[PDB]
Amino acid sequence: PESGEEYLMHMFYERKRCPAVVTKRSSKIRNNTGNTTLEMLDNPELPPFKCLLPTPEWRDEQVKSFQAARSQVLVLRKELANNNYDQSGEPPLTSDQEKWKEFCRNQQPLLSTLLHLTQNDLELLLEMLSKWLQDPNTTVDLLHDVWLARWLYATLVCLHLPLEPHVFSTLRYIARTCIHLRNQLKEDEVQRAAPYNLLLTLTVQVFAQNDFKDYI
């Protein structure tokens, strides 16, 4: 009893007769699944000596100092945009990493330098810095290797927001490695553990990756 459109009206009415939600369990085979689990990133060292860790009053204080410099960079960036600074007018930067390592070691993260870098540059510089901790055959210290720490800070302030997700990832690696570095500290002085504590504070506090809370 259909013509063209008529079968559609035969169907809307056919599905109306139907229970819409049907549930049917066991019957054949079933049983509890053995499964394939999940390949997971291992949680760091919990750590030894919770005394090396910082005071909340300090953490909150160090975050003020960060957010303040961040807001002051924004001020300087707006003043640059008003003076029609075209970021695209910036020539091509090296990808050498070694040419870079020497630059950061020897030149400082002054705003004059840092403001000339695009979000993509900062993005890449951070990946570089990350790899510069993630076992250089160098016995890295941050307290000693100040230029690293100084740059890591700068780079972190500058990063334009929202941050891309792989920037969060390549930041969590920095979190992890200074968690690591710091765990190697005795009591090897509170001040020697100080940089890592800041770069963790930030990660948990500023970049709100709380699945670290308990390492800061």
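A residue's number is simply how far along the shown sequence it sits, counting from 1.
- The mean C-alpha temperature factor is higher for 34-42 when 150-158 and 34-42 are set side by side.
- Across the two stretches, 205-213 and 3-11, the PDB entry reports the greater mean Cα temperature factor for 3-11.
- In the PDB entry, the Cα temperature factor peaks, among 139, 107, 118, 71, at 139.
- Highest C-alpha temperature factor among 62, 183, 55, 27 per the entry: 27.
- Annotation for residue 127: C-alpha temperature factor in the lowest third relative to the rest of the modelled chain, per the entry.
- For residue 198, the recorded CA B-factor ranks within the lowest third of the chain. Only modelled residues enter the ranking.
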